[PDB]
file model21.txt (compact mmCIF, C-alpha atoms and all ligand atoms)
# COMPACT_ATOMS: atom_id res chain seq x y z
CA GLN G 1 94.17 -114.71 63.50
CA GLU G 2 92.55 -117.44 65.55
CA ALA G 3 91.19 -120.39 63.55
CA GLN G 4 93.38 -120.61 60.45
CA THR G 5 92.36 -124.10 59.27
CA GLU G 6 91.03 -125.95 56.19
CA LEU G 7 87.40 -125.85 54.99
CA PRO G 8 85.06 -128.51 56.38
CA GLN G 9 83.14 -130.81 54.00
CA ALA G 10 79.96 -128.69 54.30
CA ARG G 11 81.66 -125.86 52.37
CA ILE G 12 82.81 -128.10 49.51
CA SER G 13 79.82 -130.44 49.12
CA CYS G 14 76.21 -129.49 48.33
CA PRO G 15 73.30 -130.73 50.45
CA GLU G 16 70.94 -133.61 49.59
CA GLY G 17 68.68 -132.69 46.67
CA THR G 18 71.13 -130.12 45.26
CA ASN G 19 73.96 -130.55 42.74
CA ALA G 20 77.42 -128.98 42.49
CA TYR G 21 78.94 -127.17 39.52
CA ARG G 22 82.00 -124.91 39.84
CA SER G 23 81.64 -123.70 43.45
CA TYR G 24 77.83 -123.23 43.37
CA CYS G 25 74.88 -125.53 44.21
CA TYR G 26 71.82 -125.87 41.98
CA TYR G 27 68.35 -127.45 42.11
CA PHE G 28 65.17 -127.75 40.02
CA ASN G 29 61.85 -127.06 41.88
CA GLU G 30 58.65 -128.34 40.16
CA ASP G 31 56.40 -125.85 42.01
CA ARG G 32 54.58 -123.45 39.65
CA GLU G 33 55.12 -119.85 40.77
CA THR G 34 55.31 -116.39 39.19
CA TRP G 35 58.82 -115.14 38.29
CA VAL G 36 59.01 -112.85 41.34
CA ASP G 37 57.72 -115.52 43.75
CA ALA G 38 60.21 -118.08 42.33
CA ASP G 39 63.13 -115.68 42.87
CA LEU G 40 61.94 -115.05 46.45
CA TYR G 41 61.89 -118.82 47.13
CA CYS G 42 65.49 -119.04 45.90
CA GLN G 43 66.52 -116.11 48.14
CA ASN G 44 64.90 -117.70 51.20
CA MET G 45 66.88 -120.98 50.88
CA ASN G 46 70.60 -120.47 51.50
CA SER G 47 70.50 -116.94 50.07
CA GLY G 48 70.41 -117.81 46.38
CA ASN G 49 68.58 -116.41 43.32
CA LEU G 50 66.93 -117.80 40.20
CA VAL G 51 69.78 -119.24 38.13
CA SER G 52 72.09 -116.94 36.17
CA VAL G 53 73.56 -118.67 33.05
CA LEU G 54 76.94 -117.07 32.42
CA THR G 55 78.72 -119.49 30.05
CA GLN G 56 77.73 -122.11 27.46
CA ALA G 57 79.01 -124.85 29.81
CA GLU G 58 76.79 -123.61 32.66
CA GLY G 59 73.80 -123.64 30.26
CA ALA G 60 74.60 -127.28 29.35
CA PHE G 61 74.81 -128.24 33.05
CA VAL G 62 71.43 -126.61 33.82
CA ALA G 63 69.75 -128.31 30.82
CA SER G 64 71.08 -131.71 31.97
CA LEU G 65 69.83 -131.11 35.53
CA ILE G 66 66.29 -130.39 34.29
CA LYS G 67 66.29 -133.43 31.95
CA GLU G 68 67.54 -135.74 34.75
CA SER G 69 64.56 -134.79 36.94
CA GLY G 70 62.16 -136.55 34.55
CA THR G 71 59.85 -133.49 34.37
CA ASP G 72 57.17 -133.17 31.69
CA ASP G 73 57.22 -129.35 31.98
CA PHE G 74 57.46 -127.15 28.88
CA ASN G 75 58.83 -123.92 30.44
CA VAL G 76 61.28 -123.39 33.33
CA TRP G 77 62.19 -119.97 34.80
CA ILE G 78 65.71 -118.52 34.80
CA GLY G 79 66.78 -115.20 36.39
CA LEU G 80 66.76 -112.88 33.36
CA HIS G 81 64.22 -110.04 33.13
CA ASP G 82 63.62 -106.59 31.55
CA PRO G 83 62.77 -104.41 34.55
CA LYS G 84 62.23 -101.08 32.76
CA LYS G 85 60.38 -102.64 29.80
CA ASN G 86 62.90 -101.16 27.37
CA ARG G 87 64.61 -104.36 26.27
CA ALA G 88 67.59 -103.98 28.60
CA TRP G 89 68.13 -107.37 30.26
CA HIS G 90 69.47 -108.04 33.76
CA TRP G 91 70.10 -111.10 35.96
CA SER G 92 68.30 -110.99 39.36
CA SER G 93 71.63 -111.87 41.06
CA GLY G 94 73.34 -108.75 39.64
CA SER G 95 75.83 -110.67 37.46
CA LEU G 96 76.81 -109.30 34.04
CA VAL G 97 75.20 -110.68 30.84
CA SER G 98 78.22 -112.61 29.54
CA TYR G 99 76.22 -115.24 27.61
CA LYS G 100 72.98 -115.31 25.57
CA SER G 101 70.95 -118.15 24.05
CA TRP G 102 67.76 -116.77 22.48
CA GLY G 103 65.49 -119.14 20.55
CA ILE G 104 64.00 -118.45 17.11
CA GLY G 105 62.07 -115.15 17.08
CA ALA G 106 63.17 -114.13 20.58
CA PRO G 107 63.09 -111.56 22.21
CA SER G 108 59.78 -110.50 20.60
CA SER G 109 59.03 -106.89 19.68
CA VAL G 110 55.41 -107.52 18.59
CA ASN G 111 54.11 -109.13 21.80
CA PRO G 112 56.90 -108.60 24.29
CA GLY G 113 57.50 -110.70 27.36
CA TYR G 114 59.55 -109.25 30.25
CA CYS G 115 60.76 -112.47 32.02
CA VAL G 116 62.68 -115.43 30.52
CA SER G 117 62.13 -119.19 30.45
CA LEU G 118 63.98 -122.23 29.07
CA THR G 119 61.96 -124.29 26.56
CA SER G 120 61.53 -128.06 26.42
CA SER G 121 61.34 -128.04 22.60
CA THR G 122 65.01 -126.96 22.51
CA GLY G 123 66.17 -129.43 25.18
CA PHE G 124 66.14 -126.56 27.74
CA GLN G 125 69.06 -124.88 25.94
CA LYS G 126 67.30 -121.87 24.36
CA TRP G 127 65.39 -118.93 25.85
CA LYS G 128 61.98 -117.33 25.30
CA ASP G 129 60.52 -114.05 26.63
CA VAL G 130 57.11 -114.54 28.32
CA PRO G 131 54.78 -112.66 30.71
CA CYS G 132 56.21 -112.47 34.26
CA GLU G 133 52.82 -113.45 35.73
CA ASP G 134 52.93 -116.94 34.17
CA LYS G 135 53.31 -119.79 36.70
CA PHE G 136 56.24 -122.11 35.94
CA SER G 137 58.76 -124.40 37.64
CA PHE G 138 62.27 -122.96 38.23
CA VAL G 139 65.97 -123.51 38.92
CA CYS G 140 67.83 -121.90 41.87
CA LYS G 141 71.59 -121.24 42.27
CA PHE G 142 73.39 -120.51 45.58
CA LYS G 143 76.98 -120.18 46.71
CA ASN G 144 78.58 -123.08 48.36
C1 LIG J 1 88.90 -124.78 60.49
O1 LIG J 1 88.91 -125.60 61.68
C2 LIG J 1 88.71 -124.84 62.87
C3 LIG J 1 88.63 -125.75 64.02
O2 LIG J 1 89.79 -126.59 64.10
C4 LIG J 1 90.30 -127.92 64.92
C5 LIG J 1 89.85 -127.47 66.29
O3 LIG J 1 90.59 -126.94 67.05
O4 LIG J 1 88.65 -127.84 66.60
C6 LIG J 1 91.77 -127.91 64.47
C7 LIG J 1 92.11 -129.39 64.76
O5 LIG J 1 93.40 -129.65 64.18
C8 LIG J 1 91.09 -130.34 64.14
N1 LIG J 1 91.44 -131.71 64.55
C9 LIG J 1 91.45 -132.74 63.69
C10 LIG J 1 91.98 -134.04 64.19
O6 LIG J 1 91.13 -132.63 62.51
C11 LIG J 1 89.63 -130.01 64.46
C12 LIG J 1 88.61 -130.85 63.71
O7 LIG J 1 88.86 -130.86 62.30
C13 LIG J 1 87.13 -130.49 63.94
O8 LIG J 1 86.96 -130.59 65.37
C14 LIG J 1 86.15 -131.40 63.21
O9 LIG J 1 86.14 -132.66 63.86
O10 LIG J 1 89.37 -128.60 64.11
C15 LIG J 1 87.29 -124.34 62.49
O11 LIG J 1 86.38 -124.30 63.54
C16 LIG J 1 87.66 -123.13 61.64
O12 LIG J 1 86.61 -122.16 61.59
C17 LIG J 1 86.35 -120.74 61.69
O13 LIG J 1 87.05 -120.16 62.74
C18 LIG J 1 87.27 -118.75 62.66
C19 LIG J 1 87.47 -118.38 64.13
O14 LIG J 1 88.83 -118.06 64.37
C20 LIG J 1 86.03 -118.01 62.18
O15 LIG J 1 85.02 -118.14 63.20
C21 LIG J 1 85.54 -118.76 60.87
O16 LIG J 1 84.47 -117.87 60.32
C22 LIG J 1 85.13 -120.02 61.19
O17 LIG J 1 84.71 -120.66 59.99
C23 LIG J 1 87.74 -123.82 60.31
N2 LIG J 1 88.05 -122.90 59.22
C24 LIG J 1 87.23 -122.74 58.14
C25 LIG J 1 87.69 -121.74 57.15
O18 LIG J 1 86.27 -123.35 58.05

call {"tool": "encode", "arguments": {"input": "model21.txt", "output": "C-alpha cells", "more": "lines below"}}
Ligand SMILES: *[C@H]1O[C@H](CO[C@]2(C(=O)O)C[C@H](O)[C@@H](NC(C)=O)[C@H]([C@H](O)[C@H](O)CO)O2)[C@@H](O)[C@H](O[C@@H]2O[C@H](CO)[C@H](O)[C@H](O)[C@H]2O)[C@H]1NC(C)=O
result
Amino acid sequence: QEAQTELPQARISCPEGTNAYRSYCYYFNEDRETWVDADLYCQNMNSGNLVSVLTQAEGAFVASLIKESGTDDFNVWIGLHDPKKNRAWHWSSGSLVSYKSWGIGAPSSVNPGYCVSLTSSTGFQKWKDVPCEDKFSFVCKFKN
C-alpha cells in the first residue's frame, strides 16, 4: 500500500521494432531456426513465446505484420505443436486452442509433421504441419 499510481508509458507502449495488439507486443524475426530454437529465442527476450493465434482477428494482425516486413519467405513458425505425436495440438505458451486455420490437406496423416507454420501461398493466414527440424523465420509474442 505504498505506490498506488498510474502505469508509466513503458507498460502501455511496445519497444522499437515491436508492434502492439490488445495488450501484447509482437515481432517477426527473419533468422532461420528450428522450432525449438525459435521458441527459446522468444522466451529469452522479455519472456515471450512463439506466437499463439487465439482469434481470427489475431491471425489477421499477424499476417499483416509478416506482409509489412517485405519478406520473401515461404514458411513462418507459430507456436503450435504435437508433442506426443498423437495429433493432439498444444500452444507452447500453454493457452487453449480456441481458433484453428488449417490449409487444404492439413494436418496430414500420410506424412505427418509435428510443428506448424504459416504459408505465403495463403497470405500467411493458413497453417501447415511440417517437420520440427526445418529452419524457418518466426513470430514472437510477449506481454506488455
Ligand atoms: C506509479 O508511480 C509511482 C511513482 O510515483 C510519483 C513519485 O512519487 O515518484 C508520484 C508523483 O505524483 C509523480 N509526479 C508527477 C508530476 O507525475 C511521479 C512521476 O510520475 C515519476 O517520477 C515519473 O517522472 O511518480 C511508481 O514508481 C509506481 O510504481 C511501483 O511502486 C510499487 C511500490 O510501492 C511497486 O514497487 C510496483 O511494482 C512498482 O511498479 C507506479 N505504479 C505502477 C503500477 O507503475

call {"tool": "residues_near_ligand", "arguments": {"input": "model21.txt", "ligand": "ligand LIG 1 (chain J)", "cutoff": "12 Å", "atoms": "only C-alpha atoms and all ligand atoms", "output": "ChimeraX atom specification"}}
result
/G:1-12

call {"tool": "closest_residue", "arguments": {"input": "model21.txt", "among": "G:25, G:40, G:116, G:65", "to": "residue G:130", "atoms": "all atoms listed in the file"}}
result
G:116

call {"tool": "residues_around", "arguments": {"input": "model21.txt", "residues": "residue G:78", "least_positions_apart": "6", "cutoff": "6 Å", "atoms": "all atoms listed in the file", "output": "short mmCIF file (atom, residue, chain, number, x, y, z; two decimals) with C-alpha atoms, in the frame of the given file"}}
result
data_model
loop_
_atom_site.label_atom_id
_atom_site.label_comp_id
_atom_site.auth_asym_id
_atom_site.auth_seq_id
_atom_site.Cartn_x
_atom_site.Cartn_y
_atom_site.Cartn_z
CA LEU G 50 66.93 -117.80 40.20
CA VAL G 51 69.78 -119.24 38.13
CA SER G 117 62.13 -119.19 30.45
#

call {"tool": "closest_residue", "arguments": {"input": "model21.txt", "among": "G:118, G:36, G:20, G:140", "to": "residue G:100", "atoms": "all atoms listed in the file"}}
result
G:118

call {"tool": "axis_aligned_box", "arguments": {"input": "model21.txt", "around": "stretch 40-52 of chain G", "padding_each_side": "5 Å", "output": "JSON"}}
result
{"center_x": 67.0, "center_y": -118.0, "center_z": 43.8, "size_x": 20.2, "size_y": 15.9, "size_z": 25.3}

call {"tool": "closest_residue", "arguments": {"input": "model21.txt", "among": "G:70, G:59, G:17, G:94", "to": "residue G:125", "atoms": "only C-alpha atoms"}}
result
G:59

call {"tool": "residues_around", "arguments": {"input": "model21.txt", "residues": "residue G:63", "least_positions_apart": "3", "cutoff": "12 Å", "atoms": "all atoms listed in the file", "output": "MDAnalysis selection string"}}
result
chainID G and resid 26:28 51 53 56:60 66:71 75:78 117:127 138:139

call {"tool": "write_last_selection", "arguments": {"input": "model21.txt", "atoms": "C-alpha atoms", "output": "mmCIF file, in the frame of the given file"}}
result
data_model
loop_
_atom_site.group_PDB
_atom_site.id
_atom_site.type_symbol
_atom_site.label_atom_id
_atom_site.label_comp_id
_atom_site.auth_asym_id
_atom_site.auth_seq_id
_atom_site.Cartn_x
_atom_site.Cartn_y
_atom_site.Cartn_z
ATOM 1 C CA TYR G 26 71.820 -125.870 41.980
ATOM 2 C CA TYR G 27 68.350 -127.450 42.110
ATOM 3 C CA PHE G 28 65.170 -127.750 40.020
ATOM 4 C CA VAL G 51 69.780 -119.240 38.130
ATOM 5 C CA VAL G 53 73.560 -118.670 33.050
ATOM 6 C CA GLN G 56 77.730 -122.110 27.460
ATOM 7 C CA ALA G 57 79.010 -124.850 29.810
ATOM 8 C CA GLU G 58 76.790 -123.610 32.660
ATOM 9 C CA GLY G 59 73.800 -123.640 30.260
ATOM 10 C CA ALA G 60 74.600 -127.280 29.350
ATOM 11 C CA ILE G 66 66.290 -130.390 34.290
ATOM 12 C CA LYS G 67 66.290 -133.430 31.950
ATOM 13 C CA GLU G 68 67.540 -135.740 34.750
ATOM 14 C CA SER G 69 64.560 -134.790 36.940
ATOM 15 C CA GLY G 70 62.160 -136.550 34.550
ATOM 16 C CA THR G 71 59.850 -133.490 34.370
ATOM 17 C CA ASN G 75 58.830 -123.920 30.440
ATOM 18 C CA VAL G 76 61.280 -123.390 33.330
ATOM 19 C CA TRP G 77 62.190 -119.970 34.800
ATOM 20 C CA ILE G 78 65.710 -118.520 34.800
ATOM 21 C CA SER G 117 62.130 -119.190 30.450
ATOM 22 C CA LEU G 118 63.980 -122.230 29.070
ATOM 23 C CA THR G 119 61.960 -124.290 26.560
ATOM 24 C CA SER G 120 61.530 -128.060 26.420
ATOM 25 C CA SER G 121 61.340 -128.040 22.600
ATOM 26 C CA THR G 122 65.010 -126.960 22.510
ATOM 27 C CA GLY G 123 66.170 -129.430 25.180
ATOM 28 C CA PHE G 124 66.140 -126.560 27.740
ATOM 29 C CA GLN G 125 69.060 -124.880 25.940
ATOM 30 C CA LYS G 126 67.300 -121.870 24.360
ATOM 31 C CA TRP G 127 65.390 -118.930 25.850
ATOM 32 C CA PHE G 138 62.270 -122.960 38.230
ATOM 33 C CA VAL G 139 65.970 -123.510 38.920
#

call {"tool": "atom_distance", "arguments": {"input": "model21.txt", "atom1": "atom CA of residue G:108", "atom2": "atom CA of residue G:95"}}
result
23.3 Å

call {"tool": "residues_near_point", "arguments": {"input": "model21.txt", "point": "(54.4, -124.4, 42.5)", "cutoff": "8 Å", "atoms": "only C-alpha atoms", "output": "PDB file with C-alpha atoms, keeping the file's coordinate frame"}}
result
ATOM      1  CA  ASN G  29      61.850-127.060  41.880  1.00  0.00           C
ATOM      2  CA  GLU G  30      58.650-128.340  40.160  1.00  0.00           C
ATOM      3  CA  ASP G  31      56.400-125.850  42.010  1.00  0.00           C
ATOM      4  CA  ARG G  32      54.580-123.450  39.650  1.00  0.00           C
ATOM      5  CA  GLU G  33      55.120-119.850  40.770  1.00  0.00           C
ATOM      6  CA  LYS G 135      53.310-119.790  36.700  1.00  0.00           C
ATOM      7  CA  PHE G 136      56.240-122.110  35.940  1.00  0.00           C
ATOM      8  CA  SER G 137      58.760-124.400  37.640  1.00  0.00           C
TER       9      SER G 137
END

call {"tool": "build_atoms", "arguments": {"input": "model21.txt", "residues": "stretch 25-57 of chain G", "atoms": "N, CA and C atoms", "output": "JSON list (two decimals), keeping the file's coordinate frame"}}
result
[["chain", "number", "residue", "atom", "x", "y", "z"],
["G", 25, "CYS", "N", 75.85, -124.44, 44.09],
["G", 25, "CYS", "CA", 74.88, -125.53, 44.21],
["G", 25, "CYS", "C", 73.59, -125.12, 43.49],
["G", 26, "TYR", "N", 73.00, -126.10, 42.81],
["G", 26, "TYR", "CA", 71.82, -125.87, 41.98],
["G", 26, "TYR", "C", 70.70, -126.87, 42.23],
["G", 27, "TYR", "N", 69.44, -126.48, 42.02],
["G", 27, "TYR", "CA", 68.35, -127.45, 42.11],
["G", 27, "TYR", "C", 67.15, -126.98, 41.29],
["G", 28, "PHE", "N", 66.39, -127.95, 40.77],
["G", 28, "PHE", "CA", 65.17, -127.75, 40.02],
["G", 28, "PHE", "C", 63.97, -127.94, 40.96],
["G", 29, "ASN", "N", 63.06, -127.00, 41.05],
["G", 29, "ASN", "CA", 61.85, -127.06, 41.88],
["G", 29, "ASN", "C", 60.63, -127.11, 40.95],
["G", 30, "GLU", "N", 59.82, -128.17, 41.02],
["G", 30, "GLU", "CA", 58.65, -128.34, 40.16],
["G", 30, "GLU", "C", 57.42, -127.58, 40.60],
["G", 31, "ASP", "N", 57.47, -126.74, 41.60],
["G", 31, "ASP", "CA", 56.40, -125.85, 42.01],
["G", 31, "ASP", "C", 56.17, -124.75, 40.97],
["G", 32, "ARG", "N", 54.92, -124.47, 40.64],
["G", 32, "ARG", "CA", 54.58, -123.45, 39.65],
["G", 32, "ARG", "C", 54.28, -122.13, 40.32],
["G", 33, "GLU", "N", 55.16, -121.15, 40.15],
["G", 33, "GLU", "CA", 55.12, -119.85, 40.77],
["G", 33, "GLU", "C", 55.39, -118.75, 39.74],
["G", 34, "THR", "N", 54.95, -117.53, 40.03],
["G", 34, "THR", "CA", 55.31, -116.39, 39.19],
["G", 34, "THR", "C", 56.83, -116.16, 39.24],
["G", 35, "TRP", "N", 57.38, -115.39, 38.30],
["G", 35, "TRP", "CA", 58.82, -115.14, 38.29],
["G", 35, "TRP", "C", 59.31, -114.53, 39.59],
["G", 36, "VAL", "N", 58.61, -113.50, 40.09],
["G", 36, "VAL", "CA", 59.01, -112.85, 41.34],
["G", 36, "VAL", "C", 58.96, -113.79, 42.54],
["G", 37, "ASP", "N", 57.90, -114.58, 42.64],
["G", 37, "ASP", "CA", 57.72, -115.52, 43.75],
["G", 37, "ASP", "C", 58.75, -116.65, 43.69],
["G", 38, "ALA", "N", 59.16, -117.08, 42.50],
["G", 38, "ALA", "CA", 60.21, -118.08, 42.33],
["G", 38, "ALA", "C", 61.55, -117.51, 42.80],
["G", 39, "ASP", "N", 61.88, -116.28, 42.41],
["G", 39, "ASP", "CA", 63.13, -115.68, 42.87],
["G", 39, "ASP", "C", 63.15, -115.50, 44.39],
["G", 40, "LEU", "N", 62.03, -115.15, 44.99],
["G", 40, "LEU", "CA", 61.94, -115.05, 46.45],
["G", 40, "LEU", "C", 62.16, -116.39, 47.12],
["G", 41, "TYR", "N", 61.65, -117.50, 46.58],
["G", 41, "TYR", "CA", 61.89, -118.82, 47.13],
["G", 41, "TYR", "C", 63.39, -119.09, 47.13],
["G", 42, "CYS", "N", 64.05, -118.81, 45.99],
["G", 42, "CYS", "CA", 65.49, -119.04, 45.90],
["G", 42, "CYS", "C", 66.28, -118.21, 46.91],
["G", 43, "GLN", "N", 65.86, -116.98, 47.17],
["G", 43, "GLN", "CA", 66.52, -116.11, 48.14],
["G", 43, "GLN", "C", 66.37, -116.66, 49.55],
["G", 44, "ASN", "N", 65.19, -117.20, 49.86],
["G", 44, "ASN", "CA", 64.90, -117.70, 51.20],
["G", 44, "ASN", "C", 65.68, -118.94, 51.55],
["G", 45, "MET", "N", 66.10, -119.78, 50.60],
["G", 45, "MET", "CA", 66.88, -120.98, 50.88],
["G", 45, "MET", "C", 68.35, -120.82, 50.56],
["G", 46, "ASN", "N", 69.16, -120.60, 51.60],
["G", 46, "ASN", "CA", 70.60, -120.47, 51.50],
["G", 46, "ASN", "C", 71.01, -119.27, 50.65],
["G", 47, "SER", "N", 70.21, -118.21, 50.70],
["G", 47, "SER", "CA", 70.50, -116.94, 50.07],
["G", 47, "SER", "C", 70.99, -117.06, 48.64],
["G", 48, "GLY", "N", 70.15, -117.68, 47.81],
["G", 48, "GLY", "CA", 70.41, -117.81, 46.38],
["G", 48, "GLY", "C", 69.54, -116.86, 45.57],
["G", 49, "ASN", "N", 69.39, -117.14, 44.28],
["G", 49, "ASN", "CA", 68.58, -116.41, 43.32],
["G", 49, "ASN", "C", 68.17, -117.40, 42.22],
["G", 50, "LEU", "N", 67.20, -117.02, 41.40],
["G", 50, "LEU", "CA", 66.93, -117.80, 40.20],
["G", 50, "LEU", "C", 68.27, -117.91, 39.46],
["G", 51, "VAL", "N", 68.50, -119.00, 38.76],
["G", 51, "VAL", "CA", 69.78, -119.24, 38.13],
["G", 51, "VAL", "C", 70.17, -118.16, 37.14],
["G", 52, "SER", "N", 71.45, -117.80, 37.16],
["G", 52, "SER", "CA", 72.09, -116.94, 36.17],
["G", 52, "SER", "C", 72.98, -117.84, 35.30],
["G", 53, "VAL", "N", 72.83, -117.81, 34.00],
["G", 53, "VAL", "CA", 73.56, -118.67, 33.05],
["G", 53, "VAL", "C", 74.63, -117.80, 32.38],
["G", 54, "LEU", "N", 75.87, -117.98, 32.83],
["G", 54, "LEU", "CA", 76.94, -117.07, 32.42],
["G", 54, "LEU", "C", 77.90, -117.60, 31.41],
["G", 55, "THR", "N", 77.87, -118.87, 31.06],
["G", 55, "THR", "CA", 78.72, -119.49, 30.05],
["G", 55, "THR", "C", 77.91, -120.57, 29.33],
["G", 56, "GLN", "N", 78.37, -121.01, 28.18],
["G", 56, "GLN", "CA", 77.73, -122.11, 27.46],
["G", 56, "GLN", "C", 77.78, -123.38, 28.30],
["G", 57, "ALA", "N", 78.89, -123.66, 28.97],
["G", 57, "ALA", "CA", 79.01, -124.85, 29.81],
["G", 57, "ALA", "C", 78.05, -124.86, 30.99]]
